[PDB]
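Inside the fold
Chain residues, written in single-letter form:
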Amino acid sequence: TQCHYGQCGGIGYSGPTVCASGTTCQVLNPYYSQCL
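So, how was this worked out
The residue numbers you see begin from 1 on each chain and track the sequence as written, which may not match the entry, and residues missing coordinates are not shown. As a rule here, side-chain values cover all heavy atoms of the structure and leave hydrogens and water aside. Pairs of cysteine sulfur atoms within 2.5 Å are identified as disulfides in what follows. UniProt positions are given in the numbering used here, feature names are shortened, and annotations may be inferred rather than shown by experiment. Working definition: helices are DSSP H or I runs of at least four residues, strands are E runs of at least two. Numbering for both runs from the N terminus. Burial here depends on accessible area, computed with a 1.4 Å probe over protein chains only, as a share of the maximum for the residue type. Under 20% is buried, over 50% is exposed, and the range in between is partly exposed.

This deposited entry lists solution NMR as its structure determination method.

In C-alpha cells, the structure reads:
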C-alpha cells in the first residue's frame, strides 16, 4: 500500500499504486501521481 506523499503512480509506475485509506491518488503529472 502507498503512504502519504508517496507515489501512487502514473503511467508506468508498477509499485504501490493503491493509496492508504485517508489518502487519495492525485495525478500531478501523467507519470507522477501522489497520495495526498
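Some points on the UniProt feature "disulfide bond" in the protein
Of the UniProt disulfides, the one joining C8 and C25 is satisfied here, as the sulfur distance of 2.0 Å falls under 2.5 Å. Of this pair, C8 sits in the segment before β1 (25–27) while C25 sits in strand β1; the two residues are 17 residues apart in sequence, bridging distant segments of the chain. Owing to a relative accessible area of 1%, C8 belongs among the buried residues under this scheme. For the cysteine pair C19 and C35, annotated in UniProt as disulfide-bonded, the sulfur atoms lie 2.0 Å apart, consistent with the bond being present in this model. Residue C19 is found in the segment before β1, and its partner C35 is found in strand β2 (residues 33–35); the two are separated by 16 residues along the sequence. Here the two residues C19 and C35 agree in accessibility, since each one is buried.

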